[PDB]
There are 4 protein chains.
Amino acid sequence: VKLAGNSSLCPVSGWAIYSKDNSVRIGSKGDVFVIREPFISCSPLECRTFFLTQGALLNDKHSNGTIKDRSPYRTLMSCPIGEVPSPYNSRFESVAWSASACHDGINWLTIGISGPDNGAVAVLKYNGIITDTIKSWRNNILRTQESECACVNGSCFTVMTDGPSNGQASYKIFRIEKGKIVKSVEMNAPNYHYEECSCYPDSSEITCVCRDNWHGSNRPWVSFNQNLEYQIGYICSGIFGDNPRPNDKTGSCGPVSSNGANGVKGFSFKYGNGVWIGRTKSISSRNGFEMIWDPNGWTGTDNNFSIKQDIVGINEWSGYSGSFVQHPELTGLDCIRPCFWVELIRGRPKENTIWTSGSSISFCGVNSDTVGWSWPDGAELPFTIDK
Amino acid sequence: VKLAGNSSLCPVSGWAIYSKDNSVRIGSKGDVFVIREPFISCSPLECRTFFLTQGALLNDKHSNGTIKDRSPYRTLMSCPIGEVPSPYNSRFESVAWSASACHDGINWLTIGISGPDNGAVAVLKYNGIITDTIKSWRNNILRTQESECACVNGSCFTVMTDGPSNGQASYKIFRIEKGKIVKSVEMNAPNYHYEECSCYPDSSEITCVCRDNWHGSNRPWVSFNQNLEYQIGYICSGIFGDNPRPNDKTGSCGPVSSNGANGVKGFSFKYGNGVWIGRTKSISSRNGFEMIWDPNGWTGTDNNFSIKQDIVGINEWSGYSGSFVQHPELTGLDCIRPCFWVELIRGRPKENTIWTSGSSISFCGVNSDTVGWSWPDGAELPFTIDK
Amino acid sequence: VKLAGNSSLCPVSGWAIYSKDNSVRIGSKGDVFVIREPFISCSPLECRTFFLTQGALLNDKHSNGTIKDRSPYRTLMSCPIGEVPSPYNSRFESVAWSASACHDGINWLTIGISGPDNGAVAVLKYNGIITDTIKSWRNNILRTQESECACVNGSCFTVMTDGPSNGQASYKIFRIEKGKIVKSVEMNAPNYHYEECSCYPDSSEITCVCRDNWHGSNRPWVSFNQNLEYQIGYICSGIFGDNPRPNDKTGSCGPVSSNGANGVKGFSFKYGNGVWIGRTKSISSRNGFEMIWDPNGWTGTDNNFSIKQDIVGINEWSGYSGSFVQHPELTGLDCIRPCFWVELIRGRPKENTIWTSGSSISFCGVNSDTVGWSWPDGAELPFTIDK
Amino acid sequence: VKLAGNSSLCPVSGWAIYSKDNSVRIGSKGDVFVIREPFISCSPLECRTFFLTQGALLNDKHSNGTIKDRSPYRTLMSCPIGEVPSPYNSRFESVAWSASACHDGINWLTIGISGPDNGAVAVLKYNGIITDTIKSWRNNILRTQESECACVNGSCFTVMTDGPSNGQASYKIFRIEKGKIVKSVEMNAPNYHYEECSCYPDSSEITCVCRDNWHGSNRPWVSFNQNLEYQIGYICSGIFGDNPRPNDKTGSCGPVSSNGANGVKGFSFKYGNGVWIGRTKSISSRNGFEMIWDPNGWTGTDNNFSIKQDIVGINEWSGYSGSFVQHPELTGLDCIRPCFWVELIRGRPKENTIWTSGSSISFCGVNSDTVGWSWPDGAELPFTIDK
Ligand SMILES: *[C@@H]1O[C@H](CO)[C@@H](O[C@@H]2O[C@H](CO)[C@@H](O)[C@H](O)[C@H]2NC(C)=O)[C@H](O)[C@H]1NC(C)=O
Ligand SMILES: CCC(CC)O[C@@H]1C=C(C(=O)O)C[C@H](N)[C@H]1NC(C)=O
Ligand SMILES: CCC(CC)O[C@@H]1C=C(C(=O)O)C[C@H](N)[C@H]1NC(C)=O
Ligand SMILES: CCC(CC)O[C@@H]1C=C(C(=O)O)C[C@H](N)[C@H]1NC(C)=O
Ligand SMILES: CCC(CC)O[C@@H]1C=C(C(=O)O)C[C@H](N)[C@H]1NC(C)=O
Ligand SMILES: *[C@@H]1O[C@H](CO)[C@@H](O)[C@H](O)[C@H]1NC(C)=O
Ligand SMILES: *[C@@H]1O[C@H](CO)[C@@H](O)[C@H](O)[C@H]1NC(C)=O
Ligand SMILES: *[C@@H]1O[C@H](CO)[C@@H](O)[C@H](O)[C@H]1NC(C)=O
Ligand SMILES: *[C@@H]1O[C@H](CO)[C@@H](O)[C@H](O)[C@H]1NC(C)=O
Ligand SMILES: *[C@@H]1O[C@H](CO)[C@@H](O)[C@H](O)[C@H]1NC(C)=O
Ligand SMILES: *[C@@H]1O[C@H](CO)[C@@H](O)[C@H](O)[C@H]1NC(C)=O
Ligand SMILES: *[C@@H]1O[C@H](CO)[C@@H](O)[C@H](O)[C@H]1NC(C)=O
Ligand SMILES: *[C@@H]1O[C@H](CO)[C@@H](O)[C@H](O)[C@H]1NC(C)=O
Ligand SMILES: *[C@@H]1O[C@H](CO)[C@@H](O)[C@H](O)[C@H]1NC(C)=O
Ligand SMILES: *[C@@H]1O[C@H](CO)[C@@H](O)[C@H](O)[C@H]1NC(C)=O
Ligand SMILES: *[C@@H]1O[C@H](CO)[C@@H](O)[C@H](O)[C@H]1NC(C)=O
Ligand SMILES: [Ca+2]
Ligand SMILES: [Ca+2]
Ligand SMILES: [Ca+2]
Ligand SMILES: [Ca+2]
Ligand SMILES: [Ca+2]
Ligand SMILES: [Ca+2]
Ligand SMILES: [Ca+2]
Ligand SMILES: [Ca+2]
């Protein structure tokens with residue numbers, strides 16, 4: 001049965017550890033893909049980790065040069081949550097160096113972008129069969145979420161970008177039904193920049209929190225209904241969510257320029273005027289992770305907050321993070337439950353290896369007791385192949 | 001359908017070998033997790049082996065230092081009984097350095113504790129979805145069975161301990177329904193010590209046989225009904241069950257102080273005034289294993305027994321042991337069948353390696369002919385990684 | 001339910017990338033079969049890659065000498081599309097050094113040829129059970145498609161060749177029902193040569209495009225109805241499809257003798273007088289791959305064409321290619337969708353290794369936007385075993 | 001639904017190759033169990049290979065000394081037919097150094113013998129649950145078929161031996177229902193010797209062809225009905241079936257003394273007065289394999305035969321062989337189809353290695369065209385671990 005997606009997001013006071021794969025530790029000997037850009041998505045029956053492989057295994061010579069983002073060898077694959085991504089346990093999804101995926105309650109939708117930078121093509125699959133494609137409309141790296149799309153009542157929604165990563169680009173919202181693009185809208189967003197959106201359903205509407213790689217240290221957001229009527233803004237909290245970013249201070253409802261260039265994929269959950277912000281602990285590099293509840297941070301610009309929970313230590317590597325939800329159809333609850341994942345990036349450019357790869361952790365929102373700690377990647381670098 | 005749990009334990013005259021995984025032997029070459037604290041639990045359709053990984057594989061450098069009990073890398077995972085615990089065949093359950101699991105007849109309950117020693121949190125999952133959490137109440141290594149919880153009529157039961165491992169601690173019993181704690185009781189047990197309980201259902205009541213790490217070389221027990229009304233005692237038999245222990249003498253109905261400090265997880269099955277006792281063969285180390293039937297050993301203090309069956313030879317490594325049961329809903333019998341498993345610990349601290357890991361064997365009680373033998377681990381240490 | 005096979009081929013404007021397995025890159029470390037002659041075939045539920053193993057893994061000494069085509073160690077196996085062919089994820093099909101397979105909508109049919117060159121036997125299995133055999137009738141390497149057979153209304157069809165690969169041979173067409181040969185016909189085709197046919201259903205009739213290894217650098221074809229009444233010809237286009245071949249010039253409706261000796265397995269899709277041709281980029285070796293639409297190339301001899309889409313760059317290795325289809329029963333479309341795969345051959349005879357193996361890519365035809373690129377094998381040769 | 005087992009054995013004129021696993025070649029790199037005593041058995045849905053592992057993988061140090069027959073590390077496991085026996089694709093069955101298994105149409109029965117030579121215990125499991133045990137009655141290596149048991153009308157039948165392998169021993173036939181022994185009879189067979197029976201159903205009765213290890217170079221047989229009323233004899237053919245054996249000459253309907261000591265597990269299929277005999281090609285060692293049709297060989301003593309089909313070349317290693325059948329419930333045929341497997345033994349005692357392991361091939365009987373060839377193991381010895 002189709003996910004209804006019409007209930008509200010469950011309010012939560014804390015985050016309980018849900019999974020840890022130890023991928024890089026295990027890949028030191030085991031046959032584990034070199035990956036990056038992992039994300040989690042759930043069906044009414046199961047949660048899966050999706051990821052972009054480099055078409056190579058850890059500790060093998062073909063992991064050489066895997067700091068490179070886009071190549072014909074990259075593929076979107078998936079495995080059950082918490083298991084290491086191996087050629088022996090992973091399902092093939094598509095050929096992709098940028099991707100998204102989500103389940104509408106009936107079948108998996110996957111979106112995999114491959115091809116040259118000047119003419120990339122997103123291939124849409126529904127239940128593993130090609131159902132549609134869309135080609136680059138600005139000829140400058142067509143790219144998408146690197147996290148799950150959001151589903152409401154049999155329609156799935158995603159955001160794609162085409163154009164400069166360091167200046168004004170073009171941003172489109174899509175509605176997809178059974179793998180067919182049935183509507184798209186280009187956002188009219190002058191002076192905004194959207195990359196790598198983390199999108200979730202909440203009361204039949206979609207909220208996306210994204211990355212301004214151009215000139216924003218706070219995160220831009222876009223919200224829309226099923227007809228793709230939309231609103232845009234930036235998270236106002238002085239608790240800045242991007243990385244890099246400046247010191248916390250008075251915020252802005254527009255892009256905060258200071259340290260605004262570059263960024264990292266991230267997420268936040270809106271609750272009225274309040275916001276749960278996940279972010280790195282460092283203002284300069286992808287180190288640490290923490291969750292912060294700011295009760296008026298969606299719309300208010302002060303840097304006060306009410307709850308902070310430690311997730312990864314400042315002296316440990318982190319990386320991308322993203323939202324995922326668990327629908328009532330899966331959980332039996334009366335609301336849509338918020339969860340998130342964190343990518344723990346190891347290797348280049350911060351460490352002296354020939355490769356770059358990630359492992360992952362994830363957490364789900366609860367209203368019972370939780371504890372801050374650090375659950376880092378834990379691998380000992382360099383590896384044999386690096387010697 | 002819910003497991004009734006209302007029939008009695010099958011009377012058994014001996015133990016038939018059920019499984020052996022040869023994990024450490026296989027892990028010399030194959031990709032096998034470093035694990036400890038394995039245990040078995042059954043649904044109405046299958047038996048699974050659960051275990052706490054160290055987030056590392058045997059014969060890899062990340063196995064270095066795995067004598068260490070608690071870290072953020074440890075995860076509870078499971079695989080089909082008798083198969084090696086591998087990243088290619090194991091299902092992820094929970095992030096955990098202490099755990100329990102059982103099946104109510106409908107879905108799996110797992111309990112996984114992680115976090116800092118001074119503020120750990122147990123995460124409960126029902127069918128893999130987080131359903132409850134509970135925080136440490138003594139701030140000193142919140143910890144649980146390391147074997148299966150027990151289920152009666154749709155409720156599951158477990159025991160957790162928090163506080164000193166070398167003096168009076170705090171012991172709680174829980175009733176859990178669909179992964180939610182619906183009642184807990186703190187045991188009023190001054191001068192008793194309970195760790196790592198092996199609990200089983202019998203005529204709608206739960207009996208747990210546990211480990212006194214403080215000052216008892218005989219095993220403490222707690223029995224309770226579905227309302228958590230409980231009774232406590234120590235096994236009276238002069239056939240002492242813990243390790244270390246003194247040589248068999250006249251026993252006691254309270255804790256036997258002689259060699260009472262420290263211990264090993266173990267189990268026993270009560271039959272009226274009699275008891276089936278599983279224990280190491282050595283009185284000083286985790287070597288050997290044997291099953292002993294003492295017809296008056298639950299309540300009586302002499303050291304006379306009438307059946308002894310060899311399981312692991314005295315010159316071979318053993319370790320933890322625990323009960324599991326097979327319910328009528330699985331077996332088609334008219335009673336609950338008692339079974340047990342033994343963990344065979346290899347590596348530190350007794351052997352010259354950088355790592356510690358275990359393999360397992362298991363047996364089921366029958367009333368047909370059986371035989372004693374020795375079914376040891378059989379790996380040849382040290383391994384390549386140790387040289 | 002049986003595949004009807006009565007609708008027409010979907011007209012297509014381009015080819016969207018569907019799968020890429022990265023087998024050779026991954027097999028540098030992981031346990032991946034040495035294979036050649038892969039192909040894809042679909043059921044109403046799933047698509048699988050079939051392949052002929054060499055009974056050996058990459059980077060192991062038993063890969064030595066695997067340039068050799070026929071041995072008793074070769075087996076037909078299959079795995080899900082896009083996954084690497086590993087002993088841990090592959091289903092065994094048959095013992096075979098030449099093969100075909102297809103699904104009639106109810107069960108898989110496989111055809112596996114093994115035995116001596118002077119008396120080989122094809123073993124037919126339906127749902128994994130042996131249902132028929134046919135022995136060599138010319139005693140000179142009985143051999144078959146190395147791609148999927150074609151099914152219409154509960155009957156499946158294939159072509160086999162027996163006799164010289166450098167001169168006139170004998171060619172038979174078979175109708176197979178539930179794994180039993182129910183009719184066969186020997187083609188009367190003087191001066192034709194048919195090897196390794198790629199056959200697809202289209203409006204209840206079968207069209208095969210094959211390899212002339214004797215004296216044609218264009219491809220021979222045969223089409224037939226369910227009663228095995230047949231027509232024969234060569235693709236007339238001056239855009240020659242075989243490898244090796246001459247530079248494009250005026251074509252022939254018979255075999256083009258210029259550079260006509262030898263060849264490579266290939267395919268083409270007929271649309272009226274037009275043809276989609278897949279071919280290598282190099283005229284002299286198995287390098288590069290491209291798809292070309294020639295609006296009058298089935299029957300016209302000019303070398304003019306409308307569309308070209310790049311698949312593999314001319315400086316990268318390619319190899320065999322073949323057609324596969326996805327029926328309406330799988331896709332929900334009102335027509336039969338054409339797709340194709342390409343084998344990317346690495347090792348001998350072109351590279352300094354002891355072994356020969358391939359990886360694969362595949363594409364499906366669509367009417368939405370697509371893009372040419374190069375999706376090559378990507379392995380770095382030689383491997384450890386070659387030193 | 002229960003297998004009826006009431007139709008006759010299909011008459012067959014030749015043997016078509018069914019499977020080949022290449023286990024030893026693949027295990028040179030991949031994670032493949034050291035095994036011996038493989039056998040095949042089918043359910044109404046699938047065919048599986050069963051085997052006795054040595055609790056160790058190929059090319060690892062724990063494969064040392066695996067010439068040894070009985071140890072506590074040996075386990076019965078199974079995998080789909082034609083797949084390599086790996087810890088990643090194998091199902092655990094039982095702890096066993098002698099075994100049998102068969103499917104009654106409803107569930108798998110496995111029988112696994114372990115324990116000391118003077119008191120071994122067979123453990124019976126039905127659907128993986130222990131259902132019965134039987135202990136040694138002569139205290140001298142209780143042992144069984146090492147091939148599939150035979151099922152008729154919901155009852156399964158096997159033969160076990162206890163006592164000397166070089167003189168008169170004790171042989172029992174068992175009827176088993178839902179894993180419970182419901183009847184047994186001790187065979188009154190002075191001067192007969194029965195080891196390692198290959199038994200098959202045929203028209204509601206069971207026929208077993210076994211190994212005389214005491215003083216016969218032809219094979220003993222026993223036939224019985226569902227009530228365990230039985231008859232005994234030896235295959236009369238002068239085409240001697242055992243290994244070692246003398247050169248063919250006039251046979252005996254009793255044990256042929258010449259070269260009678262020792263032997264190898266094998267099989268034969270009775271058709272009236274005639275017999276299909278599978279045997280090694282060498283009269284002195286386990287080399288080569290061939291199928292021979294002797295139209296009066298069940299009952300007549302001449303060495304005349306009418307068909308011979310080569311299976312393994314005389315210069316190649318062979319080993320155990322055994323029957324298995326495919327019932328009408330699986331095949332859709334109106335008779336019971338005879339098939340057989342051959343174990344190809346590599347390593348000790350004939351080759352310079354520290355280990356012994358086998359691969360397997362299998363064939364099914366057909367009435368269509370077939371061919372002889374050699375399908376040998378193909379591994380290159382010694383392995384890395386041997387050097
Ligand atoms: C296991 O861990 C120990 C550290 O706890 C490693 O020993 C160290 O090796 C480094 C060289 O990288 C030396 O500089 C240190 O002095 C060593 N420490 C100690 C306490 O000896 C050891 O190499 C590890 N073994 C592995 C990874 O195989
Ligand atoms: C091309 C712009 C884009 C978003 C800013 O770059 C991303 C930077 C990422 C990063 O900052 O780590 C890595 C991503 N793999 C990459 N995406 C693509 C499609 O290459
Ligand atoms: C902390 C007390 C506890 C019980 C005595 O210690 C156990 C001793 C065990 C042991 O005796 O081998 C190892 C266990 N993994 C450990 N449990 C935890 C949670 O670390
Ligand atoms: C025997 C003739 C045949 C077709 C021309 O050769 C093929 C050449 C092939 C090739 O050109 O690469 C390799 C094939 N495996 C081989 N087929 C067999 C059965 O050996
Ligand atoms: C103990 C007698 C028996 C049959 C003659 O020996 C067999 C000889 C076999 C052989 O000849 O290769 C190997 C078997 N694994 C062994 N069976 C057992 C249970 O050890
Ligand atoms: C959500 O949708 C379902 C299906 O229509 C409906 O029954 C339910 O009332 C809705 N819940 C809301 C609106 O919160
Ligand atoms: C990685 O690539 C660099 C540059 O091509 C090369 O010099 C180096 O040898 C490579 N390292 C490995 C381990 O392949
Ligand atoms: C959801 O979709 C269904 C089916 O298309 C449609 O009929 C209905 O209007 C929608 N329901 C809600 C709650 O919007
Ligand atoms: C156990 O409970 C079941 C379900 O109520 C019942 O059918 C059965 O008779 C009970 N057995 C007892 C009370 O011993
Ligand atoms: C078992 O559970 C059912 C449902 O809650 C209840 O009605 C019944 O009384 C229970 N039996 C007991 C408590 O023994
Ligand atoms: C294909 O066959 C089906 C089933 O007979 C039929 O319903 C359909 O009309 C056919 N399609 C054609 C002839 O195009
Ligand atoms: C491959 O085979 C050749 C010829 O027999 C042999 O000389 C060579 O050593 C082999 N190479 C390997 C790595 O086995
Ligand atoms: C398809 O097959 C069925 C069963 O033989 C037959 O009745 C029907 O006429 C066939 N349709 C055709 C030939 O298109
Ligand atoms: C075999 O037994 C079945 C009943 O179990 C009967 O219907 C059939 O006629 C018998 N004959 C065969 C198929 O051998
Ligand atoms: C196997 O054991 C033999 C005899 O003890 C010994 O000579 C040899 O070194 C061992 N080999 C390995 C690799 O364990
Ligand atoms: C199988 O056994 C019993 C009678 O002995 C009964 O279920 C059935 O009639 C039998 N079927 C036969 C004789 O094939
Ligand atoms: Ca930014
Ligand atoms: Ca605030
Ligand atoms: Ca103690
Ligand atoms: Ca006593
Ligand atoms: Ca040619
Ligand atoms: Ca043209
Ligand atoms: Ca003999
Ligand atoms: Ca004769």
Side-chain angles (χ1 to χ4, degrees), chain A residues 27 29-34 53-65 71-77 86-96 112-137 142 178-181 385, chain C residues 14-32 42 45-47 49 59 79-89 310 312-313 316 326 330-333 337 339 359 361-380 383-384:
Chain A
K29 174 183 192 276
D31 295 333
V32 175
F33 287 117
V34 173
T53 76
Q54 292 278 12
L57 302 184
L58 284 167
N59 230 357
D60 176 72
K61 73 179 186 174
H62 297 87
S63 69
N64 199 2
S71 83
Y73 313 114
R74 305 205 70 176
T75 63
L76 175 72
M77 305 189 73
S86 171
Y88 319 135
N89 77 331
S90 301
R91 175 184 297 164
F92 171 86
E93 307 287 350
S94 52
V95 185
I113 300 166
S114 195
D117 289 356
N118 74 349
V121 171
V123 175
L124 284 72
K125 294 185 184 179
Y126 188 68
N127 197 25
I129 304 301
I130 293 176
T131 45
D132 215 349
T133 64
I134 174 170
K135 186 163 184 176
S136 183
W137 65 92
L142 173 67
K178 292 175 289 187
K180 309 281 171 190
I181 296 165
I385 198 67
Chain C
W15 306 88
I17 193 159
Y18 191 50
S19 76
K20 182 175 206 313
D21 56 23
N22 291 304
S23 303
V24 185
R25 289 169 58 92
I26 289 158
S28 177
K29 173 178 171 179
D31 297 329
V32 176
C42 302
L45 291 179
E46 65 163 343
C47 295
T49 307
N59 239 349
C79 66
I81 189 173
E83 294 185 21
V84 299
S86 171
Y88 317 137
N89 73 334
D310 287 350
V312 177
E316 304 280 358
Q326 300 187 320
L330 173 63
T331 63
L333 297 173
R337 166 178 279 170
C339 301
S359 68
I361 50 187
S362 74
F363 295 76
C364 280
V366 297
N367 280 296
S368 44
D369 291 331
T370 56
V371 70
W373 206 23
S374 175
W375 293 269
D377 175 74
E380 293 295 338
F383 274 8
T384 315

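Chain naming here is simple, since letters A, B, ... match the order of the sequence lines and numbering starts at 1 in each.
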#### Entry: side-chain contact (heavy atoms from CB on, under 4.5 Å) assessment of A:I129 paired with C:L330
CA-CA 8 Å; A:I129 304 301; C:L330 173 63; 3.8 Å; yes

### Task
Might you work through the side-chain contact (heavy atoms from CB on, under 4.5 Å) test for C:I26 and A:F33, ending with a clear yes or no?
CA-CA 9 Å; C:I26 289 158; A:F33 287 117; 3.6 Å; yes

#### Entry: Stepwise side-chain contact (heavy atoms from CB on, under 4.5 Å) check, A:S94 with C:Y18
CA-CA 6 Å; A:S94 52; C:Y18 191 50; over 6 Å; no

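Using a 4.5 Å heavy-atom threshold, the side chains of A:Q54 and C:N22 count as separate. Looking at A:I130 and C:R337, their side chains come closer than 4.5 Å, going by heavy atoms from C-beta outward. The shortest distance between side-chain heavy atoms of C:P80 and A:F92 does not fall below 4.5 Å. Side-chain contact between C:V371 and A:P116 is present, with heavy atoms from C-beta onward closer than 4.5 Å.
Among the candidates A:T133, A:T53, A:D132, A:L58, the residue making the largest number of heavy-atom pairs closer than 4.5 Å to chain C is A:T133. Ranking C:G372, C:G332, C:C42, C:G378 against chain A, the residue ahead of the rest is C:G378, based on heavy-atom pairs under 4.5 Å. Per-residue heavy-atom pair counts under 4.5 Å with chain A were compared for C:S19, C:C364, C:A16, and the maximum is reached by C:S19. Chain A forms the most heavy-atom pairs under 4.5 Å with one residue out of C:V84, C:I17, C:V366, and that residue is C:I17. Comparing A:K135, A:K125, A:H62 by heavy-atom pairs within less than 4.5 Å of chain C, the highest count is held by A:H62.
Neither the backbone nor the side chain of C:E46 comes within contact range of chain A; no heavy atoms are under 4.5 Å apart. Of the atoms belonging to A:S136, not a single heavy atom falls under 4.5 Å from chain C. Contacts of C:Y88 with chain A are made by side-chain atoms alone, with heavy-atom separations under 4.5 Å and no backbone atom involved. Heavy atoms closer than 4.5 Å to chain A are found in both the backbone and the side chain of C:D31. Neither the backbone nor the side chain of C:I361 comes within less than 4.5 Å of any heavy atom in chain A.
Every residue two or more places apart in sequence or in another chain was checked for a side-chain hydrogen bond (donor to acceptor under 3.5 Å, both in side chains) with A:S86, and none qualifies. Not counting sequence neighbours, the partners of C:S374 by the side chain to side chain contact (heavy atoms under 4.5 Å, CB included) test are C:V312, C:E316, C:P376.
Panel note: side chain C:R25, backbone A:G55; a donor-acceptor pair is recorded below 3.5 Å. For the pair C:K29 (side chain) and A:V32 (backbone), a donor-acceptor distance under 3.5 Å is absent. Using a distance-only test at 3.5 Å, with no hydrogens or angles considered, no donor-acceptor pair links the side chain of A:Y73 to the main chain of C:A379.
A cation-pi arrangement is absent between A:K61 and C:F383 under the rule of less than 6.0 angstrom and at most 45 degrees off the ring axis.
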